[PDB]
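The file model38.pdb comes next; it holds PDB, C-alpha atoms and all ligand atoms.
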ATOM      1  CA  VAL A   1      90.288  93.573 179.550  1.00  0.00           C
ATOM      2  CA  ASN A   2      93.648  92.072 178.540  1.00  0.00           C
ATOM      3  CA  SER A   3      97.342  92.819 179.090  1.00  0.00           C
ATOM      4  CA  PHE A   4      98.210  94.301 175.673  1.00  0.00           C
ATOM      5  CA  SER A   5      99.677  97.802 176.026  1.00  0.00           C
ATOM      6  CA  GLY A   6     100.485 100.738 173.755  1.00  0.00           C
ATOM      7  CA  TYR A   7      98.322  99.768 170.760  1.00  0.00           C
ATOM      8  CA  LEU A   8      96.488 102.144 168.458  1.00  0.00           C
ATOM      9  CA  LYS A   9      92.861 101.106 167.922  1.00  0.00           C
ATOM     10  CA  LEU A  10      91.995 100.854 164.231  1.00  0.00           C
ATOM     11  CA  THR A  11      88.529  99.310 164.492  1.00  0.00           C
ATOM     12  CA  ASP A  12      86.221  97.589 166.958  1.00  0.00           C
ATOM     13  CA  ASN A  13      88.492  94.518 167.050  1.00  0.00           C
ATOM     14  CA  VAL A  14      91.815  95.395 165.315  1.00  0.00           C
ATOM     15  CA  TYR A  15      94.722  97.065 167.133  1.00  0.00           C
ATOM     16  CA  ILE A  16      98.235  97.920 165.904  1.00  0.00           C
ATOM     17  CA  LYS A  17     101.633  98.679 167.481  1.00  0.00           C
ATOM     18  CA  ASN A  18     105.218  99.236 166.376  1.00  0.00           C
ATOM     19  CA  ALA A  19     106.806  96.287 168.137  1.00  0.00           C
ATOM     20  CA  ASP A  20     108.978  93.219 167.761  1.00  0.00           C
ATOM     21  CA  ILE A  21     106.507  90.323 167.919  1.00  0.00           C
ATOM     22  CA  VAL A  22     109.134  88.207 169.696  1.00  0.00           C
ATOM     23  CA  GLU A  23     109.551  90.763 172.476  1.00  0.00           C
ATOM     24  CA  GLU A  24     105.789  91.362 172.598  1.00  0.00           C
ATOM     25  CA  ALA A  25     105.120  87.639 173.012  1.00  0.00           C
ATOM     26  CA  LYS A  26     107.742  87.305 175.753  1.00  0.00           C
ATOM     27  CA  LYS A  27     106.100  90.174 177.662  1.00  0.00           C
ATOM     28  CA  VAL A  28     102.404  89.356 177.236  1.00  0.00           C
ATOM     29  CA  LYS A  29     102.608  85.552 176.970  1.00  0.00           C
ATOM     30  CA  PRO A  30      99.371  85.631 174.950  1.00  0.00           C
ATOM     31  CA  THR A  31      97.076  82.671 174.540  1.00  0.00           C
ATOM     32  CA  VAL A  32      97.833  82.672 170.790  1.00  0.00           C
ATOM     33  CA  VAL A  33     100.777  84.060 168.835  1.00  0.00           C
ATOM     34  CA  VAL A  34     100.507  83.836 165.044  1.00  0.00           C
ATOM     35  CA  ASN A  35     103.505  82.691 163.010  1.00  0.00           C
ATOM     36  CA  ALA A  36     103.982  83.760 159.391  1.00  0.00           C
ATOM     37  CA  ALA A  37     104.592  80.163 158.313  1.00  0.00           C
ATOM     38  CA  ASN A  38     105.273  78.429 155.024  1.00  0.00           C
ATOM     39  CA  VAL A  39     103.681  75.128 154.005  1.00  0.00           C
ATOM     40  CA  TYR A  40     106.723  73.114 155.142  1.00  0.00           C
ATOM     41  CA  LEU A  41     106.931  74.856 158.538  1.00  0.00           C
ATOM     42  CA  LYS A  42     110.588  75.651 157.755  1.00  0.00           C
ATOM     43  CA  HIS A  43     111.117  78.622 160.058  1.00  0.00           C
ATOM     44  CA  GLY A  44     114.209  80.026 158.389  1.00  0.00           C
ATOM     45  CA  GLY A  45     113.725  83.779 158.254  1.00  0.00           C
ATOM     46  CA  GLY A  46     111.330  86.638 158.683  1.00  0.00           C
ATOM     47  CA  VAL A  47     108.897  86.425 161.578  1.00  0.00           C
ATOM     48  CA  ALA A  48     109.110  82.618 161.565  1.00  0.00           C
ATOM     49  CA  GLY A  49     112.895  82.553 161.817  1.00  0.00           C
ATOM     50  CA  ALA A  50     112.789  85.058 164.675  1.00  0.00           C
ATOM     51  CA  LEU A  51     110.048  83.253 166.622  1.00  0.00           C
ATOM     52  CA  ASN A  52     111.810  79.928 166.222  1.00  0.00           C
ATOM     53  CA  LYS A  53     115.158  81.360 167.383  1.00  0.00           C
ATOM     54  CA  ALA A  54     113.457  82.672 170.528  1.00  0.00           C
ATOM     55  CA  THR A  55     112.302  79.084 171.293  1.00  0.00           C
ATOM     56  CA  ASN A  56     115.879  77.772 171.000  1.00  0.00           C
ATOM     57  CA  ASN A  57     114.763  75.756 167.901  1.00  0.00           C
ATOM     58  CA  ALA A  58     112.059  73.879 169.852  1.00  0.00           C
ATOM     59  CA  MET A  59     109.441  75.270 167.450  1.00  0.00           C
ATOM     60  CA  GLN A  60     111.336  73.770 164.495  1.00  0.00           C
ATOM     61  CA  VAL A  61     111.712  70.360 166.195  1.00  0.00           C
ATOM     62  CA  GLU A  62     107.977  70.234 166.940  1.00  0.00           C
ATOM     63  CA  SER A  63     107.182  71.425 163.413  1.00  0.00           C
ATOM     64  CA  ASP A  64     109.328  68.748 161.757  1.00  0.00           C
ATOM     65  CA  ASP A  65     107.411  66.062 163.649  1.00  0.00           C
ATOM     66  CA  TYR A  66     104.115  67.686 162.600  1.00  0.00           C
ATOM     67  CA  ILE A  67     105.106  67.624 158.912  1.00  0.00           C
ATOM     68  CA  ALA A  68     106.437  64.066 159.109  1.00  0.00           C
ATOM     69  CA  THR A  69     103.014  62.964 160.400  1.00  0.00           C
ATOM     70  CA  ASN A  70     100.642  65.212 158.445  1.00  0.00           C
ATOM     71  CA  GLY A  71     102.434  66.511 155.357  1.00  0.00           C
ATOM     72  CA  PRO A  72     102.561  70.153 154.288  1.00  0.00           C
ATOM     73  CA  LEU A  73      99.946  72.753 155.036  1.00  0.00           C
ATOM     74  CA  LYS A  74      97.915  74.432 152.296  1.00  0.00           C
ATOM     75  CA  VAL A  75      98.585  78.016 151.260  1.00  0.00           C
ATOM     76  CA  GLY A  76      95.838  79.844 153.147  1.00  0.00           C
ATOM     77  CA  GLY A  77      95.776  77.136 155.826  1.00  0.00           C
ATOM     78  CA  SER A  78      97.003  76.803 159.389  1.00  0.00           C
ATOM     79  CA  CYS A  79      97.758  74.495 162.277  1.00  0.00           C
ATOM     80  CA  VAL A  80      97.834  74.973 166.050  1.00  0.00           C
ATOM     81  CA  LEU A  81     101.058  73.921 167.773  1.00  0.00           C
ATOM     82  CA  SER A  82     102.728  74.780 171.066  1.00  0.00           C
ATOM     83  CA  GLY A  83     103.642  78.364 171.861  1.00  0.00           C
ATOM     84  CA  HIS A  84     106.725  77.140 173.770  1.00  0.00           C
ATOM     85  CA  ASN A  85     108.142  79.951 175.954  1.00  0.00           C
ATOM     86  CA  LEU A  86     106.326  82.658 173.954  1.00  0.00           C
ATOM     87  CA  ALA A  87     102.590  81.898 174.245  1.00  0.00           C
ATOM     88  CA  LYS A  88     100.235  79.092 175.164  1.00  0.00           C
ATOM     89  CA  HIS A  89      99.714  78.216 171.488  1.00  0.00           C
ATOM     90  CA  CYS A  90     101.242  79.173 168.170  1.00  0.00           C
ATOM     91  CA  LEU A  91      98.855  79.414 165.219  1.00  0.00           C
ATOM     92  CA  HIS A  92     101.045  78.775 162.161  1.00  0.00           C
ATOM     93  CA  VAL A  93      99.279  80.512 159.250  1.00  0.00           C
ATOM     94  CA  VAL A  94     100.439  80.334 155.631  1.00  0.00           C
ATOM     95  CA  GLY A  95      99.786  83.496 153.674  1.00  0.00           C
ATOM     96  CA  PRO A  96     100.610  83.544 149.963  1.00  0.00           C
ATOM     97  CA  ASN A  97     104.260  84.295 149.185  1.00  0.00           C
ATOM     98  CA  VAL A  98     104.269  86.680 146.222  1.00  0.00           C
ATOM     99  CA  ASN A  99     107.962  85.922 145.668  1.00  0.00           C
ATOM    100  CA  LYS A 100     106.824  82.344 144.881  1.00  0.00           C
ATOM    101  CA  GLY A 101     104.009  83.425 142.535  1.00  0.00           C
ATOM    102  CA  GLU A 102     101.202  82.479 144.926  1.00  0.00           C
ATOM    103  CA  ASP A 103      97.711  83.901 144.461  1.00  0.00           C
ATOM    104  CA  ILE A 104      97.245  87.009 146.613  1.00  0.00           C
ATOM    105  CA  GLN A 105      93.515  86.210 146.776  1.00  0.00           C
ATOM    106  CA  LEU A 106      94.507  83.458 149.228  1.00  0.00           C
ATOM    107  CA  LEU A 107      95.347  86.203 151.737  1.00  0.00           C
ATOM    108  CA  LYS A 108      91.700  86.404 152.831  1.00  0.00           C
ATOM    109  CA  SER A 109      91.560  82.638 153.429  1.00  0.00           C
ATOM    110  CA  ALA A 110      94.725  82.889 155.548  1.00  0.00           C
ATOM    111  CA  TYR A 111      93.206  85.586 157.780  1.00  0.00           C
ATOM    112  CA  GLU A 112      89.992  83.546 158.200  1.00  0.00           C
ATOM    113  CA  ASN A 113      92.009  81.175 160.404  1.00  0.00           C
ATOM    114  CA  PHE A 114      92.228  83.965 163.001  1.00  0.00           C
ATOM    115  CA  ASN A 115      88.443  83.781 163.541  1.00  0.00           C
ATOM    116  CA  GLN A 116      88.841  80.450 165.346  1.00  0.00           C
ATOM    117  CA  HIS A 117      90.574  82.265 168.248  1.00  0.00           C
ATOM    118  CA  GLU A 118      89.057  84.936 170.480  1.00  0.00           C
ATOM    119  CA  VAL A 119      92.288  86.966 170.875  1.00  0.00           C
ATOM    120  CA  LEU A 120      95.591  86.813 168.970  1.00  0.00           C
ATOM    121  CA  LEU A 121      98.958  88.540 168.739  1.00  0.00           C
ATOM    122  CA  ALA A 122      99.926  88.520 165.077  1.00  0.00           C
ATOM    123  CA  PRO A 123     102.113  89.974 162.343  1.00  0.00           C
ATOM    124  CA  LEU A 124     100.709  91.203 159.058  1.00  0.00           C
ATOM    125  CA  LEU A 125     100.257  88.135 156.865  1.00  0.00           C
ATOM    126  CA  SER A 126     102.217  87.986 153.599  1.00  0.00           C
ATOM    127  CA  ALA A 127     104.179  91.135 154.543  1.00  0.00           C
ATOM    128  CA  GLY A 128     107.957  91.317 154.766  1.00  0.00           C
ATOM    129  CA  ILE A 129     109.746  88.544 152.879  1.00  0.00           C
ATOM    130  CA  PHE A 130     106.434  87.116 151.607  1.00  0.00           C
ATOM    131  CA  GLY A 131     106.379  90.095 149.235  1.00  0.00           C
ATOM    132  CA  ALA A 132     102.814  91.432 149.479  1.00  0.00           C
ATOM    133  CA  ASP A 133     101.859  95.075 150.044  1.00  0.00           C
ATOM    134  CA  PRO A 134     101.458  95.514 153.836  1.00  0.00           C
ATOM    135  CA  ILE A 135      98.838  98.249 153.362  1.00  0.00           C
ATOM    136  CA  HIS A 136      96.812  95.663 151.459  1.00  0.00           C
ATOM    137  CA  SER A 137      97.420  93.032 154.140  1.00  0.00           C
ATOM    138  CA  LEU A 138      96.089  95.387 156.824  1.00  0.00           C
ATOM    139  CA  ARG A 139      92.972  96.087 154.750  1.00  0.00           C
ATOM    140  CA  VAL A 140      92.283  92.367 154.294  1.00  0.00           C
ATOM    141  CA  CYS A 141      92.872  91.812 158.011  1.00  0.00           C
ATOM    142  CA  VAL A 142      90.362  94.490 159.026  1.00  0.00           C
ATOM    143  CA  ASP A 143      87.794  93.244 156.493  1.00  0.00           C
ATOM    144  CA  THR A 144      88.195  89.534 157.409  1.00  0.00           C
ATOM    145  CA  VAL A 145      89.103  89.072 161.076  1.00  0.00           C
ATOM    146  CA  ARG A 146      86.206  89.468 163.514  1.00  0.00           C
ATOM    147  CA  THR A 147      88.009  88.314 166.663  1.00  0.00           C
ATOM    148  CA  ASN A 148      90.369  90.563 168.627  1.00  0.00           C
ATOM    149  CA  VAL A 149      93.717  90.913 166.871  1.00  0.00           C
ATOM    150  CA  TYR A 150      96.776  92.777 168.143  1.00  0.00           C
ATOM    151  CA  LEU A 151      99.093  93.459 165.193  1.00  0.00           C
ATOM    152  CA  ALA A 152     102.828  93.909 165.783  1.00  0.00           C
ATOM    153  CA  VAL A 153     104.684  95.788 163.029  1.00  0.00           C
ATOM    154  CA  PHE A 154     108.468  95.567 163.467  1.00  0.00           C
ATOM    155  CA  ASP A 155     109.432  98.446 161.148  1.00  0.00           C
ATOM    156  CA  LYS A 156     108.687 101.885 162.603  1.00  0.00           C
ATOM    157  CA  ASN A 157     108.649 103.592 159.204  1.00  0.00           C
ATOM    158  CA  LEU A 158     106.151 101.001 157.960  1.00  0.00           C
ATOM    159  CA  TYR A 159     104.063 101.323 161.125  1.00  0.00           C
ATOM    160  CA  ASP A 160     103.710 105.079 160.592  1.00  0.00           C
ATOM    161  CA  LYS A 161     102.673 104.648 156.948  1.00  0.00           C
ATOM    162  CA  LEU A 162     100.092 101.985 157.830  1.00  0.00           C
ATOM    163  CA  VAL A 163      98.537 104.276 160.436  1.00  0.00           C
ATOM    164  CA  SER A 164      98.620 107.442 158.333  1.00  0.00           C
ATOM    165  CA  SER A 165      97.043 105.760 155.293  1.00  0.00           C
ATOM    166  CA  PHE A 166      94.404 103.770 157.183  1.00  0.00           C
ATOM    167  CA  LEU A 167      90.868 104.305 155.939  1.00  0.00           C
TER     168      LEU A 167
HETATM  169  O1  LIG B   1     105.735  93.357 160.449  1.00  0.00           O
HETATM  170  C1  LIG B   1     106.108  92.862 159.201  1.00  0.00           C
HETATM  171  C2  LIG B   1     106.527  91.345 159.304  1.00  0.00           C
HETATM  172  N1  LIG B   1     107.756  91.061 160.095  1.00  0.00           N
HETATM  173  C3  LIG B   1     107.797  91.049 161.475  1.00  0.00           C
HETATM  174  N2  LIG B   1     106.720  91.552 162.149  1.00  0.00           N
HETATM  175  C4  LIG B   1     106.761  91.554 163.523  1.00  0.00           C
HETATM  176  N3  LIG B   1     107.726  91.105 164.318  1.00  0.00           N
HETATM  177  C5  LIG B   1     108.768  90.606 163.625  1.00  0.00           C
HETATM  178  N4  LIG B   1     109.904  90.074 164.228  1.00  0.00           N
HETATM  179  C6  LIG B   1     110.781  89.654 163.218  1.00  0.00           C
HETATM  180  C7  LIG B   1     110.184  89.922 161.981  1.00  0.00           C
HETATM  181  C8  LIG B   1     108.917  90.527 162.209  1.00  0.00           C
HETATM  182  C9  LIG B   1     104.897  92.996 158.234  1.00  0.00           C
HETATM  183  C10 LIG B   1     104.344  94.410 158.205  1.00  0.00           C
HETATM  184  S1  LIG B   1     105.538  95.627 157.622  1.00  0.00           S
HETATM  185  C11 LIG B   1     106.958  95.228 158.659  1.00  0.00           C
HETATM  186  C12 LIG B   1     107.263  93.741 158.670  1.00  0.00           C
HETATM  187 CL    CL B   2     109.435  89.691 157.565  1.00  0.00          CL
END
As structure tokens:
Amino acid sequence: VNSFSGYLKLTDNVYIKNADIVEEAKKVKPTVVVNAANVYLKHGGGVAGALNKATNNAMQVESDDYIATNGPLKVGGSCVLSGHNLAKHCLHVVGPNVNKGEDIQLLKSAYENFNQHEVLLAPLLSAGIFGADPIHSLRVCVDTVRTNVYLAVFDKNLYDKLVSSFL
């Protein structure tokens, strides 16, 4: 039993809600919140910009030190950093950005990072400004993640379409 509330159950381990991931994180304070990161951990917009703003830019400061030490992530890769005021940890995961020409096949590799964590609050990878089809992202999530994932979908119209079309 956990403290996530109001989710629709899609499968044994995947749940979905119409919610702002920032507000969800502030309420639940989960062990792991997933960021929709880019390889440079430049949290300018989308989910990343919103999560960073909620940390008063502390996420960006920590991320800049991480990159200065380690260099960029790989597309499909991840790193674990602090969750600041939002969660214990933030798992920064880089899905392919279709608006950059990146291979959508890397979406499965990105979701594999979730399997290293028993429970996560997450957005749909490569959705929104990363330009992939969110219906496709949900399918890859369900077919790849085996740990317990609570998906927050900001857009109510999109949430309803994802539910209604789910196979
Ligand atoms: O959910 C997405 C990604 N974007 C966000 N998701 C959750 N919380 C968020 N807060 C700010 C942005 C944001 C992908 C699925 S379709 C609707 C958009
Ligand atoms: Cl977005």
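One finds CA of residue 102 (chain A) at 27.3 Å from CA of residue 82 (chain A).
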Between chain A and ligand LIG 1 (chain B), at 7 Å or less, what are the per-residue closest atom pairs and their distances in Å? Count all atoms listed in the file, order by chain and rising residue number, and return it as a Markdown table.
| residue | atom | partner | partner_atom | distance |
| --- | --- | --- | --- | --- |
| A:19 | CA | B:LIG1 | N3 | 6.5 |
| A:20 | CA | B:LIG1 | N3 | 4.2 |
| A:21 | CA | B:LIG1 | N3 | 3.9 |
| A:22 | CA | B:LIG1 | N4 | 5.8 |
| A:46 | CA | B:LIG1 | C7 | 4.8 |
| A:47 | CA | B:LIG1 | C7 | 3.7 |
| A:50 | CA | B:LIG1 | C6 | 5.2 |
| A:123 | CA | B:LIG1 | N2 | 4.9 |
| A:124 | CA | B:LIG1 | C9 | 4.6 |
| A:125 | CA | B:LIG1 | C9 | 6.9 |
| A:127 | CA | B:LIG1 | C9 | 4.2 |
| A:128 | CA | B:LIG1 | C12 | 4.6 |
| A:134 | CA | B:LIG1 | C10 | 5.4 |
| A:152 | CA | B:LIG1 | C4 | 5.1 |
| A:153 | CA | B:LIG1 | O1 | 3.7 |
| A:154 | CA | B:LIG1 | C4 | 4.4 |
| A:155 | CA | B:LIG1 | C11 | 4.8 |
| A:158 | CA | B:LIG1 | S1 | 5.4 |
| A:159 | CA | B:LIG1 | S1 | 6.8 |
Dump as a JSON list (two decimals) with C-alpha atoms, in the frame of the given file all residues having an atom at most 10 Å from (89.5, 101.8, 158.1), computed in the file's coordinates with all atoms listed in the file.
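As written to disk, selection03.json reads:
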[["chain", "number", "residue", "atom", "x", "y", "z"],
["A", 10, "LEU", "CA", 92.00, 100.85, 164.23],
["A", 11, "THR", "CA", 88.53, 99.31, 164.49],
["A", 14, "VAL", "CA", 91.82, 95.40, 165.32],
["A", 138, "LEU", "CA", 96.09, 95.39, 156.82],
["A", 139, "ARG", "CA", 92.97, 96.09, 154.75],
["A", 142, "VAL", "CA", 90.36, 94.49, 159.03],
["A", 143, "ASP", "CA", 87.79, 93.24, 156.49],
["A", 163, "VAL", "CA", 98.54, 104.28, 160.44],
["A", 165, "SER", "CA", 97.04, 105.76, 155.29],
["A", 166, "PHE", "CA", 94.40, 103.77, 157.18],
["A", 167, "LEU", "CA", 90.87, 104.30, 155.94]]
* Residues in the PyMOL selection byres (((chain A and resi 148) around 8) and not hetatm), expressed as JSON, numbers by chain -> {"A": [13, 14, 15, 118, 119, 120, 145, 146, 147, 149, 150]}
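Between residue 31 (chain A) and the candidates A:81, A:121, A:16, A:1, the tightest atom-to-atom separation, counting all atoms listed in the file, involves A:121.
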* In Å, rounded to a single decimal, give me how far CA of residue 7 (chain A) is from CA of residue 83 (chain A). => 22.1 Å
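Proximity ranking of A:116, A:105, A:35, A:85 relative to ligand CL 2 (chain B) places A:35 first, based on all atoms listed in the file.
The smallest atom-to-atom distance between ligand CL 2 (chain B) and any of A:99, A:126, A:164, A:137, using all atoms listed in the file, is found for A:126.
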* To do: Using all atoms listed in the file, find the one residue out of A:37, A:8, A:32, A:59 that sits nearest to ligand CL 2 (chain B).
  => A:37
* To do: Apply the PyMOL selection byres (((chain A and resi 36) around 12) and not hetatm) to the file shown and report the selected residues as a PyMOL selection string.
  => chain A and resi 21+33-35+37-52+75-79+90-97+107+110-111+121-130
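With distances taken over only C-alpha atoms, A:87 is the one residue among A:68, A:54, A:87, A:61 lying closest to residue 30 (chain A).
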* So which one's closest to ligand CL 2 (chain B), A:131, A:162, A:6, A:104? Using only C-alpha atoms and all ligand atoms, please. -> A:131
* Asked: CA of residue 69 (chain A) and atom CL of ligand CL 2 (chain B), how far apart in Å?
  -> 27.6 Å
Find the smallest box with edges along x, y and z containing every listed atom of region 100-116 of chain A, then add 5 Å on each side and report centre and edge lengths in Å to one decimal, as lines of an AutoDock Vina configuration file.
center_x = 97.6
center_y = 83.7
center_z = 153.9
size_x = 28.4
size_y = 16.6
size_z = 32.8
